[PDB]
Ligand SMILES: Nc1ncnc2c1ncn2[C@@H]1O[C@H](COP(=O)(O)OP(=O)(O)O)[C@@H](O)[C@H]1O
Ligand SMILES: Nc1ncnc2c1ncn2[C@@H]1O[C@H](COP(=O)(O)OP(=O)(O)O)[C@@H](O)[C@H]1O
Ligand SMILES: Nc1ncnc2c1ncn2[C@@H]1O[C@H](COP(=O)(O)OP(=O)(O)O)[C@@H](O)[C@H]1O
Ligand SMILES: Nc1ncnc2c1ncn2[C@@H]1O[C@H](COP(=O)(O)OP(=O)(O)O)[C@@H](O)[C@H]1O
Ligand SMILES: Nc1ncnc2c1ncn2[C@@H]1O[C@H](COP(=O)(O)OP(=O)(O)O)[C@@H](O)[C@H]1O
Ligand SMILES: Nc1ncnc2c1ncn2[C@@H]1O[C@H](COP(=O)(O)OP(=O)(O)O)[C@@H](O)[C@H]1O
Ligand SMILES: [Ca+2]
Ligand SMILES: [Ca+2]
Ligand SMILES: [Ca+2]
Ligand SMILES: [Ca+2]
Ligand SMILES: [Ca+2]
Ligand SMILES: [Ca+2]
């Protein structure tokens with residue numbers, strides 16, 4: 001189940017302070033788009049109210065944003081992916097001047113941010129995620145019908161707005177949030193593929209997503225499976241390590257390589 | 001050759017209407033998420049049942065084509081380019097099922113509701129395997145040249161993607177074993193930059209979105225997917241398709257080279273089961 | 001000459017019925033465009049009236065649509081080849097539920113549809129067509145001045161609309177229509193080249209053209225010459241076999257391979 | 001060096017006007033078909049004859065340039081190169097149903113149309129043209145300052161409209177017109193390169209240009225030098241032979257291969 | 001860790017304002033040339049000096065971020081595509097200096113004003129070399145994940161390209177040793193057809209335009225440049241970057257592989 | 001210094017004449033754009049007045065167009081580089097019917113036009129330019145801070161308009177003008193790369209620039225260093241020789257190959 005501890009209730013105020021304190025945006029190949037912080041706060045309030053009506057034990061089905069919120073929009077006419085960078089400007093989510101909040105998951109003493117669970121198709125990413133990682137909240141998005149969908153920890157979303165709402169909203173409260181998968185975004189990345197058979201803005205997006213979680217004290221594990229050649233996966237994994245707080249590589253059902261940025265330092269395997 | 005409507009199908013009509021009304025769905029490709037008008041599918045089911053009633057249960061595939069039964073065949077309800085910022089359009093994937101999906105005996109025993117993808121190079125024996133080994137109840141024929149399968153009473157000739165989804169969701173929800181030969185009109189018009197495997201990445205997302213659309217409406221559909229891909233990259237593309245569908249079949253030299261089915265007994269790779 | 005028999009005159013009514021019975025469209029990389037059936041009927045009536053001015057014998061020059069019709073348009077603001085496929089929709093010309101009408105040309109018992117005469121430049125396609133196939137009507141499009149242009153069977157067109165008018169119009173009446181060449185269309189096909197150095201929509205167009213002829217009981221032979229590498233022609237020919245009712249490959253002035261879908265079944269060489 | 005107007009040229013003026021008025025023509029590349037204003041070519045012929053009358057018939061190439069004789073040099077009366085082929089339509093200039101008028105230049109008994117003077121850079125194309133071919137009128141387009149520019153046969157143009165005006169205008173009258181070179185058109189041909197490292201519409205354009213000259217009884221030699229690999233030139237030359245009435249290949253200052261479509265048939269070397 | 005304002009910096013304030021007003025500048029990429037609003041940089045300098053006055057000259061990088069000091073962070077003053085005719089937009093390159101550039105002691109002795117590119121593969125030791133071996137006065141952090149360098153009092157966290165240029169031109173002109181870790185948010189968003197070396201040609205033009213912008217405002221800036229390039233193609237790109245920057249440093253296996261600096265004693269290669 | 005001789009003063013009238021006599025344009029992948037000749041004349045007049053105020057000895061800094069002219073625009077809504085060639089038309093600057101004016105620089109008896117100083121990065125182009133070629137006026141564009149910027153011959157420009165103003169303006173008067181570099185124009189050439197890893201319109205632009213100088217009796221040396229592979233430079237230099245009046249190849253700090261079109265003929269090394 002998804003259980004709401006006193007620790008989560010005590011974080012509600014802090015989560016609001018974090019969201020209000022820093023105005024954030026996101027950019028991909030178009031123009032920077034602001035994130036409406038209010039929506040995330042509204043989601044937290046709705047989750048806590050429902051957790052209250054229950055015995056602290058919540059069902060992932062009941063906490064999906066489409067059910068709790070009237071509108072699921074986070075981003076507040078239309079720009080092409082091939083527009084001059086000087087006409088749109090460039091935005092990256094700012095870093096944290098203070099020391100980031102540490103976590104015990106996915107690794108001991110890991111800083112707040114994003115962890116990328118990498119590997120070829122059928123390498124055992126989903127298996128590693130649910131058996132070895134054991135997340136508190138499992139966001140299921142753009143994945144086919146599996147055994148993980150019947151889990152009470154599973155929260156089924158449709159949009160990128162919904163993913164960020166659940167990730168920032170619940171992650172800030174202290175929950176160990178995971179996403180299986182981020183394929184709907186990755187498989188719709190438009191642009192000229194750079195070195196490694198993948199668009200360069202992919203690495204910028206991982207950093208922007210990681211810093212978004214670092215700023216809101218979230219520890220999120222994302223399954224990242226982009227369309228890349230069997231031999232080019234090693235290069236891409238190395239590049240992703242330079243763009244995320246955590247990185248896990250899967251091969252033949254087992255964990256091939258690891259990287260975690262902890263309070264004890266950067267740890268490689 | 002005929003399409004027979006059992007009491008089991010008649011009893012599913014209400015259930016199907018509820019499934020459609022219960023969840024609002026959309027679809028996206030490289031542009032803006034587009035809503036699916038559920039009403040049209042319900043209207044199609046009502047028209048099929050009414051005609052099944054006039055005839056003696058038994059129906060001809062020719063008579064159940066949407067262009068004949070419905071005044072308008074539109075399912076999707078100004079114009080966006082395939083190269084527009086992903087943040088200005090947002091991203092949509094059809095949501096998964098929180099409950100256990102309805103199991104089926106076709107195309108494999110104890111299979112979950114969703115989509116099965118019948119892969120293979122040209123002349124690998126996809127259409128042969130589909131009609132001889134699989135034996136579907138309803139055969140949707142789309143963007144295929146004149147073959148023996150067109151003279152079959154199970155054959156329903158469509159022209160649009162809207163029509164394909166109407167027949168697939170409409171009849172599939174009622175319990176019919178629906179098949180699509182081919183899905184090529186869609187595949188050959190996929191605009192975008194080709195990813196690893198000489199095919200657009202959104203192709204795999206579309207298969208998952210189509211699979212979940214059928215999982216939500218308790219459909220068991222087999223779609224024959226013919227990719228414009230090099231002889232050596234077909235193995236990679238299949239491996240990728242397996243991770244995007246409830247069922248996958250590879251064809252090579254008139255036979256079935258590889259299979260994958262997500263059953264109630266678990267995920268089965270290359271089983272000892274004749275189709 | 002192009003001789004009009006009583007058999008052709010008796011088909012006029014049936015041709016009009018076939019055209020009115022089914023509304024058709026066509027699509028390439030843009031949006032589906034409807035085919036104005038009326039124009040084809042008007043062309044048939046004009047050919048029959050001229051046939052009547054002569055002794056049933058017609059000169060190919062006199063039956064060109066630009067001469068017989070006030071407007072040659074068949075397709076009834078502007079869409080790019082890289083627009084969302086969900087905004088335009090997808091269209092394929094529907095198949096025939098009934099048995100297709102059989103023909104004696106280009107092969108015995110062949111079903112109505114299209115035959116693709118393939119081969120490298122100077123492989124003998126035009127020679128094979130005019131000497132071995134010997135068509136009743138020879139549509140000449142996008143080909144330089146040759147001996148075939150002085151033939152009374154030759155009808156010189158300029159547009160794709162004109163090609164379909166003569167192909168559907170005369171083909172429905174029972175004439176053995178041939179197109180040399182379909183290069184104006186092929187060489188202007190915009191889009192990213194798929195496996196085999198050719199746009200994938202090329203194979204969809206051949207199927208849509210074939211089914212358009214199957215629906216109107218036409219037996220047409222089109223010279224399909226692709227800008228493809230000398231060794232990649234075998235792959236493309238195999239791909240075309242899956243998209244047409246007939247397929248003929250030319251090499252060194254001789255017929256290399258054949259494929260025909262007949263009443264006796266699919267025949268390979 | 002001078003351009004002399006014979007009685008034979010004066011007697012062709014009426015016929016030339018009759019050929020231009022008889023058939024309405026257009027041209028297409030990757031966009032939409034654009035009509036050719038025939039009147040402008042007639043106006044040019046009348047201006048050349050009027051000047052030939054004032055002088056002794058001995059005209060200077062400098063004095064017969066369209067920019068000097070005509071107030072407006074436009075022959076064609078905004079669409080992207082990546083637009084749906086069904087929204088623009090397809091156009092190819094129609095073939096001649098009658099036998100084409102034969103010429104003694106560039107080869108004996110050659111049919112009216114276009115001849116492509118091919119070869120690598122510095123293979124001796126310009127040398128072969130002026131020394132071995134000896135053209136009556138030498139159109140100079142997109143070429144650096146050479147000895148051929150000081151010639152009284154040289155007519156310096158700037159636009160494609162001007163090229164067609166001088167080619168059709170003077171060529172119809174019986175003059176042996178040559179173009180060195182067609183490089184500004186070829187190097188501005190936008191689109192995805194097909195087999196041989198060159199856009200497929202290049203071969204369609206050569207056929208459309210050839211048929212335009214076949215219809216107006218012109219015998220034109222165009223030096224065609226597209227950006228192609230040193231070893232891929234043999235493939236491209238073979239493909240061009242299937243798209244033109246004449247084809248000449250240059251290597252090490254000499255003529256490597258030749259192809260001409262004559263009244264005695266197609267002659268290869 | 002702190003950012004100290006010397007009398008030398010205070011004496012440069014007037015000169016900096018003169019340099020900015022004297023020459024109107026612009027920037028171009030694949031679109032149309034866009035003017036740089038000089039006033040914003042002057043306003044930033046005034047805000048930094050006023051805060052340095054309230055403190056004891058000792059400033060925290062966090063307090064000097066433009067988003068905190070300025071109401072509006074825009075430097076560039078409807079929308080053009082990256083594939084538009086070059087003749088319809090025109091071409092702009094920031095002009096060179098007719099006079100001798102103002103030399104510095106950092107990143108190398110007697111190096112002319114401009115930009116230095118800190119190159120290398122991912123995890124080659126660029127960030128390590130920057131903070132340990134280079135020791136910058138001001139460390140601009142942009143498009144980089146949470147690291148130890150973010151807790152430094154020299155660290156100034158930006159979000160936009162406008163902010164980067166404000167801090168680089170503003171503080172660099174006063175004489176500060178400014179560094180950017182990194183410029184990945186601009187590089188990874190560079191739209192266009194990749195030229196020889198698996199990278200867009202306008203990348204080299206941008207480095208020269210950025211270099212000259214610093215040369216004109218007597219700025220000594222070190223930018224870590226890490227574009228998506230193949231493991232073996234990095235040598236070619238580094239050689240090409242040397243022809244586009246005043247300084248160039250290559251990193252390999254945590255150490256400095258190669259160097260290039262344009263100094264008063266001449267161009268020095270390793 | 002930049003010294004103004006009586007020979008330069010005597011050319012002022014001839015320069016205005018040459019400029020008024022022929023209206024010119026320029027085209028790249030868009031539409032042809034006219035060059036305002038008046039601006040070049042205005043620049044010449046401002047340079048001569050300043051030369052007359054000073055001792056004839058000028059400073060490159062004082063003759064920059066941005067300082068002498070109120071507006072630096074030469075070209076007089078927005079077209080994409082992928083637009084139909086038939087909708088924009090094609091323009092090439094016309095050739096000279098008369099003999100081009102000869103020069104003693106960069107080679108003896110060389111015709112007026114452009115010389116391309118080619119080579120890989122650090123091949124010695126800028127060293128060869130300033131030590132071996134010794135230009136009168138040195139235009140500095142798109143280059144980092146070097147020793148050449150402190151020179152009194154150096155004139156710092158920002159736009160393509162400014163480059164043409166100084167090149168045509170001072171070049172017509174008899175000055176030996178050089179551009180280091182033309183990289184801001186080369187590196188911003190949008191379009192599909194042809195054979196040799198470079199856009200085909202690059203060669204057309206060199207010919208158009210050369211002919212622009214041939215028409216205005218200029219002798220200009222431009223260092224041309226486009227992004228091309230280390231082994232593909234030989235092919236490109238070969239194509240450039242067919243597009244310019246002069247061509248110099250640099251390697252290992254010295255001159256590898258040369259080509260000059262002189263009054264004594266074309267000289268190769
Ligand atoms: N092609 C295959 N053949 C056999 N077993 C496979 C195949 N693909 C996947 N599997 C099995 O599935 C497991 C991986 O499951 P899963 O976690 O869902 O992979 P992923 O999330 O990386 O796509 C493997 O460890 C293996 O047991
Ligand atoms: N090139 C060929 N030569 C011979 N037989 C062929 C050829 N292509 C296909 N076939 C035959 O057709 C069968 C496949 O038919 P079909 O099911 O329609 O293929 P698909 O649907 O995959 O295109 C093969 O098993 C074989 O008997
Ligand atoms: N380059 C060539 N050299 C010699 N003969 C050739 C050449 N190209 C074609 N031919 C001749 O022309 C014949 C083919 O003519 P044709 O039917 O017009 O070819 P296609 O229509 O395929 O282009 C060949 O069989 C051969 O006799
Ligand atoms: N790189 C070169 N080295 C030596 N001679 C050359 C070179 N390029 C051209 N030539 C000379 O120029 C002649 C070709 O001149 P030209 O007719 O103008 O060629 P093209 O028009 O094909 O470019 C050759 O026969 C040769 O004598
Ligand atoms: N894949 C790796 N395996 C082991 N150590 C690594 C790896 N990647 C980076 N490192 C360590 O990190 C150091 C580089 O850190 P850093 O300066 O942040 O690199 P960069 O800024 O170039 O990405 C290396 O010297 C090494 O000690
Ligand atoms: N990578 C390098 N390593 C060493 N010296 C170099 C390098 N690149 C250039 N040089 C030096 O600079 C000289 C070339 O200078 P320059 O003319 O400015 O080059 P460019 O051709 O880029 O204009 C060479 O002769 C050599 O002394
Ligand atoms: Ca998975
Ligand atoms: Ca089939
Ligand atoms: Ca032929
Ligand atoms: Ca030449
Ligand atoms: Ca770093
Ligand atoms: Ca240099």
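Residue positions begin at 1 at the first shown residue.
This deposition comes from electron microscopy, 9.1 Å.
Cβ coordinates come from backbone N, Cα and C, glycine included.
The annotation ATP binding site is assigned in Swiss-Prot to C:119, C:120, C:121, C:122, C:123, C:124, C:125, C:126 on the grounds of similarity to another entry.
With a cut-off of 6 Å between Cβ and the nearest atom of ligand 9, the binding-site residues C:119, C:120, C:121, C:122, C:123, C:124 reduce to an empty set. With 6 residues left out of the model between residue C:76 and residue C:77, the distance spanned by their C-alpha atoms equals 12 Å. Comparing the binding-site residues C:119, C:122, C:124 on other C-beta atoms within 10 angstroms of each C-beta gives the minimum for C:122. When Cβ atoms from all protein chains are considered, those within 10 Å of residue C:126 (ATP binding site) total 23, not counting its own. In the three-state DSSP classification, residue C:122 (ATP binding site) falls within coil. One residue stands out among the binding-site residues C:121, C:123 for having the most other Cβ atoms within 10 Å of its Cβ: C:123. In this view, residue C:125 (ATP binding site) is surrounded by 23 other Cβ atoms within 10 Å of its Cβ, with every protein chain counted.
Among the binding-site residues C:120, C:121, C:122, C:124, C:125, the ones whose Cβ sits under 8 Å from a Cβ of chain D are, in sequence order, C:121, C:122.
In this view, residue C:120 (ATP binding site) is surrounded by 19 other Cβ atoms within 10 Å of its Cβ, with every protein chain counted. Only C:123, C:125 of the binding-site residues listed as C:120, C:123, C:125 bring a Cβ under 6 Å of any atom of ligand 3; the order follows the sequence. When the binding-site residues C:120, C:122, C:123, C:125, C:126 are checked against ligand 10, none has a Cβ within less than 6 Å of one of its atoms.
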